[PDB]
Engineer: 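I'd like to ask some things about the structure below.
Computed over heavy atoms, backbone and side chain alike; hydrogens, waters and symmetry mates excluded. Chain naming here is simple, since letters A, B, ... match the order of the sequence lines and numbering starts at 1 in each.
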Amino acid sequence: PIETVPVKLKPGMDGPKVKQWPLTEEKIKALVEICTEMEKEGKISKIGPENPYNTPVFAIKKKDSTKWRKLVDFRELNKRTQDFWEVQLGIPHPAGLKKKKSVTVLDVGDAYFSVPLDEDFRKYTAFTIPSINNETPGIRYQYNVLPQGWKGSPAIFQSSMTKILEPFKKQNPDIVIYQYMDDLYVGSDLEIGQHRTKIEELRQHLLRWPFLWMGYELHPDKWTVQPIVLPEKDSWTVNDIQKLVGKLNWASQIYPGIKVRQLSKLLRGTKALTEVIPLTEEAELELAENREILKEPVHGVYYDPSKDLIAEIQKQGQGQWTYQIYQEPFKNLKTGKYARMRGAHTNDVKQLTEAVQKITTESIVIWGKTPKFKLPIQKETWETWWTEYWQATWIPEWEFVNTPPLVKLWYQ
Amino acid sequence: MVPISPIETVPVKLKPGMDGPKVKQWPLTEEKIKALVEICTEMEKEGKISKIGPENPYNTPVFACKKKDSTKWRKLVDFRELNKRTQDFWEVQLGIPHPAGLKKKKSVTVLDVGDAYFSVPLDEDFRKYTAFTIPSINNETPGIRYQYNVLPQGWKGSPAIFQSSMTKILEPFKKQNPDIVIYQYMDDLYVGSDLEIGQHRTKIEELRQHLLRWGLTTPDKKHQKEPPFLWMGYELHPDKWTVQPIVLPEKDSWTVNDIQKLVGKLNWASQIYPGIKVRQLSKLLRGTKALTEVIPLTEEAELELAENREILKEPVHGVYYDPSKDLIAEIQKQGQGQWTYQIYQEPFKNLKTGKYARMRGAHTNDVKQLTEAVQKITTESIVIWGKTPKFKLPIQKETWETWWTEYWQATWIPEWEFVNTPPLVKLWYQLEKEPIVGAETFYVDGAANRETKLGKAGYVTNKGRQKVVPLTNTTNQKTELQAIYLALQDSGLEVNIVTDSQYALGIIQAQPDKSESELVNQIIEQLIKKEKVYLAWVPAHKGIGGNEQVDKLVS
DNA sequence: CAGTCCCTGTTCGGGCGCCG
DNA sequence: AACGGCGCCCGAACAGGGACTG
Ligand SMILES: Cc1cn([C@H]2C=C[C@@H](COP(=O)(O)OP(=O)(O)OP(=O)(O)O)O2)c(=O)[nH]c1=O
Ligand SMILES: [Mg+2]
Ligand SMILES: [Mg+2]
C-alpha cells in the first residue's frame, strides 16, 4: 500500500558488478538460513544469470552477540547512487550529538524491510550465496524491500522514521537523535540510569510500529586527542638531537613556526652518535618555544562538508595504534591513539579492524561521514582476515599503503 | 507451431542501440557439409530447430569440430559477433570442485545429461537473433535457413542459462532427498549417499525420472555405476582419489610452446605430487616472444625437469575429507623463493598438495614469503572445505614473534605450531634500536647527475675516516645505496650509519634477505657479517651532524 | 611551484593447464 | 576457428611518491 520511491543511478554509471568472495562454512550456513526466511517473507526473491549485477555478501556477529547477521557490501552501489542519499533526500547531521555525555547506538535496519523497493532498482541489489567446494552453482537473490546497508534505505525511510520519533522528541526535547545507515544514534546529558531508561522508552516506541534489544553505548565527551609531544630527557646525545630535529622538521609542515636553528647548531661537526651534548641557553629557549607551539591549535583547520574525510593509521607496536583524520594534508581535524584493544599482543589484523571501526564510529558522531582509510597493511593480508573480525553493519572505503617509519611522529 | 518445453525460459535481451548478427558464411570442406545437413534435419523434427524465411535479416557462420576420441560430432557456431551485442550475464559458476573436498560416501553415481544445451529452450523473443544458413552443396543449392529454439553451443549466454536451469530442476528433488549429495558441475551430476547399493540405485532412477519430466535425458552410455569414476578429470575410488595419468612430452629439441605446455601440466600435477618446481622452466619463457623458437634447456632447468619426472614415476593419491578431524597444512621451503605444502588430516594421508613460488616485490625475505604462502593456503582451504587449517610452519615462534611485533605493517598468521624441518625460516640480521656505544659513526651520502648519469658516493666518520668514490652510469638512489655499502665494507663488526636517503633506509629496515638488485644483495651480505648495525635517518639540506660534511664531498 | 626522473607498485590480458 | 569457469607465470601499461632541475 506504499508507493515505491523511484531510484536511479548517477548518470553515466552502470550497476555494481563485484564478485563474491569465498565464505566459511558457518557463514554460508548462516546466510542460507537467513535468506530462506527472508524469501518466505517476500523480502528477497531468487533471480537468474540475466541480471548482470552482483554485490558481495557475508555474515557478522556484533559485539557480545551470538546471533548471525547478514551483511551486504553495498559500498559500490552506494557511491553509484550518491546523488540520491546526499542531494535529493539527505539527513541533517546534529552538531550537538558529539557534545552529549552518552550516546547509544540502536540497530533499526529491520524497519526498512516494511517499505517496498522500486521495481526498476531491484536488479542492482543482486547478491550471490556461494557453496563449499563449488558443489552447487551460486544461489542468486535480489531484494524486494529496502535492503540493510544501502544508503538509500534510511533516506527513503526518513519520512517514516520522523513520524515514529515525533512523539518521543516532543516528550524529551533535550535528546538528540541521529540516523546513519541501519543505526540510530541517541544522545543525552542524563545520568547513566536516566539515559538507559529513556533508551528503553524509545525501544518500546519502535516496538509499537532482530537486534533492537542491543545497545552499544558511546561517550563522546570522554574522547581524547593525541597531540604531538616532544621527549624530555635529563641528558641529550647526538642521536637524540638528530631524531629531535628530524621530528621538528616534519612537524613544521603542520606548525609553520617551529624552528630548528639553535638545535642544529648543537650538531656542528662529525660527532659520534652516543656523544652527550649539553643543551645551550638558546637551545633550551628554542625547544621550550617549540613545545608551546605544539600546544597552540593549527591555523585555518575547519570541517568542509563537501570534502571527503581521510583517515591514516600507524602501527606503533605493543598494542599502540595512532590515527589522524583530515580532509587536506597537514590539516588534521582530529588525532588520536588506541591502546590495549581486542587482539593486543597477538593479532594485528583484529586490532586494525577494531581501530577502523572505532575511527568510523567517531566520524559518524562528529561529522556524519565515514572516512576513507589508508591501512598500514598488505592488500592480501587484509582481504584474508578482515571479515573474521568485523562487527559493524557498515563498511568504510579503504586503500593500502606501505610507509616505513623514518621518524616516530605521533608516538615517541 | 513448436511445443514449449517444461523448462522455464530465461529472458535474454541485447545491448541497447544494436541489432542482430549479419556475418557471411565461411567456406568449409565437404566433410563438414555432410555432417551438418543431417543434424539440422533431426533437430527440426525434434523441435530443437525451426526453419525461417526472408523475414529474418540475420546470418551467422557455423564452423564445427568433432568430439574428443568418440564417434559422434559436436556442432559448433561462431557467435563472436552476437556475443558482442548480447547482454552481459553474471556467471553462477564460481569455481571448480576439487576431489579433496568430497566426503566419504558409501554409494556414488556419476550421471551425464545427454544433449545438455539442446534440451534447454531459448528466449522466445530472442530466437529471431539466431539465424544461420545450411548449404547442402558447397556451390550449388543455396540451402534453406533455420533458427535455434534451444541453447546453441558457442553463445556466451548458453553456459550460464543451463547451469541456472539445471539448479531449478534439481531444487525440488534435493528438498525431497536431503541426505543425498548432488555435485552439479555443468551437465555432469555427482550423486552420493550413505545408502546401500540397492537403495542407492532406486534413488538414482527416481532422479533420472525426475529429470526426464523436463526433457533431460541421462543415457546409459556415460552412466557410471562402479569405481573407478572419471569425474572432473580424476579417478574416484571408494577410499581414495588420484589424478588421471599425466603424460609429459619428451622432445629432443624444446621450443617456447613446448615449455608452456610443460609448466602447465606440472602446475596441474602439483596438486597431489609433492615437490614439483617450475622456477627454472618458467624462467626460460622470459623475454623471448616467439612461440616457434627453439630454446636450449639450462643446466638448472634440466635438473629441475629431471626431478619432476622422478616424482611422477611413483603413483600418488589423495584421500577424502572427514569433517570430524582437524585440517592440517604443513609448508616446506624449497629455496630460491620456492615453497611446497601438504594439506592432510591424518599423517602421510594427504588431501592435496601445492606450491607457492610467486616473487612479489623487488626486495623481500623468507618471512614475508612464508606469510604470503599461508594466505594462499588459507583462501584455497576456505574454497574447498570452508575452514582454515592448522598450520605447521618451519619458523620458530620466537623468530615470528620478533618479525611481526617489530614490523610497521599489520601482519598475522592463524593458529600454527613450529615444526623442526630444515631449512628453517629466520631473519638473517637485526638492526639495532639504539646507537652503539664505541662503534664508529659513518655519515654517508651519494649524489648523481640526471643528465651525465655520473655520480659520487662516500662517507665521513667521527674518527676522521673518509672516502669518496666516483661512479659512472648511476642514479641518486644507487649512490645512496652505494654510500651505505661503502660504510659497511670499511667498518668493523659494529657500526652506526647516518643517512638522509628515505629510499635506502626503507629497503634495509624491512630486513630483506633477497633482492633483484645485485647492490642490495651485496648490502645484505655485509649486514649478515656484522654484529651490530644501527641505521639512523636525518633530513637532508639542514646542516645536521656530519651529514652536512659528507654532502659537500659527493655534490 | 611544474615537470621530469627513478623506483616500485597494481592491473590486465594472454600463454598454458584443467573442467564442461 | 566457439562459450564459460578456476589456477600459474608472463610482460606491457599505468599509477604514485621522493627528489632534483628550470
Ligand atoms: C566439452 C564441451 C561442452 N560444452 C557444453 C555443451 C554441453 C555441456 C556438456 O557437454 P558434453 O556433455 O560433453 O556433451 P553433450 O552435449 O552433453 O552430449 P553427450 O555427449 O553428453 O551426449 O557443456 C561446450 O560448450 N563445449 C565443450 O567443449
Ligand atoms: Mg552430457
Ligand atoms: Mg643524501
Engineer: Separation of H98(B) atom NE2 from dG17(C) atom P, in whole Å?
Structural biologist: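 Rounded to whole Å, this separation is 18 Å.
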Engineer: Does a side-chain N or O of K289(B) approach OP1 or OP2 of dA12(D) to a distance below 4.0 Å, or not?
Structural biologist: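 For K289(B), the contact criterion (side-chain N or O under 4.0 Å from OP1 or OP2 of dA12(D)) is met.
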Engineer: Rounded to whole Å, please give me the gap between CZ in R358(B) and P in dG11(D).
Structural biologist: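 So the CZ-P distance, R358(B) to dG11(D), works out to 13 Å.
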Engineer: Please determine if a side-chain N or O atom of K84(B) lies less than 4.0 Å away from the OP1 or OP2 oxygen of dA2(D).
Structural biologist: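 For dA2(D), neither OP1 nor OP2 has a side-chain N or O of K84(B) closer than 4.0 Å.
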Engineer: Indicate whether OP1 or OP2 belonging to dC7(C) is found under 4.0 Å from a side-chain N or O atom of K478(B).
Structural biologist: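 Looking at the OP1 and OP2 atoms of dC7(C), one of them is under 4.0 Å from a side-chain N or O of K478(B).
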Engineer: Look at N267(B) and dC9(D) and indicate whether a side-chain polar atom (N or O) is within less than 4.0 Å of OP1 or OP2.
Structural biologist: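 The answer is yes; a side-chain N or O of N267(B) sits under 4.0 Å from OP1 or OP2.
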Engineer: Does the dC7(C) base have a donor-acceptor partner in the side chain of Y503(B) within less than 3.5 Å?
Structural biologist: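 Counting by modelled atom types and ignoring angles, no donor-acceptor contact under 3.5 Å is found here.
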Engineer: Should the pair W268(B) and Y234(B) be assigned to parallel (<30°), tilted (30 to 60°) or perpendicular (>60°) ring geometry?
Structural biologist: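 If you compare the ring of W268(B) with that of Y234(B), the planes turn out tilted.
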Engineer: Please compare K66(B) and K374(A) by the position of their nearest nucleotide in DNA chain D and report the one closer to 5'.
Structural biologist: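 The residue whose closest nucleotide sits nearer the 5' end is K66(B).
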Engineer: What I want to find out is whether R360(B) reaches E380(A) closely enough, with some N-O distance under 4.0 Å, to be called a salt bridge.
Structural biologist: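 Yes, charged N to carboxylate O under 4.0 Å.
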Engineer: For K19(A) and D78(B), take the nucleotide of DNA chain D holding the closest heavy atom to each; which residue's nucleotide lies nearer the 5' end?
Structural biologist: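 With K19(A) and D78(B) compared, the 5'-side residue is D78(B).
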Engineer: Separation of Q163(B) atom CD from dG5(D) atom P, in whole Å?
Structural biologist: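 Taking CD of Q163(B) and P of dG5(D), I get 9 Å after rounding.
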Engineer: Hey, does the side-chain of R450(B) have a donor or acceptor N/O within less than 3.5 Å of a partner on the base of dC20(D)?
Structural biologist: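 Indeed there is one.
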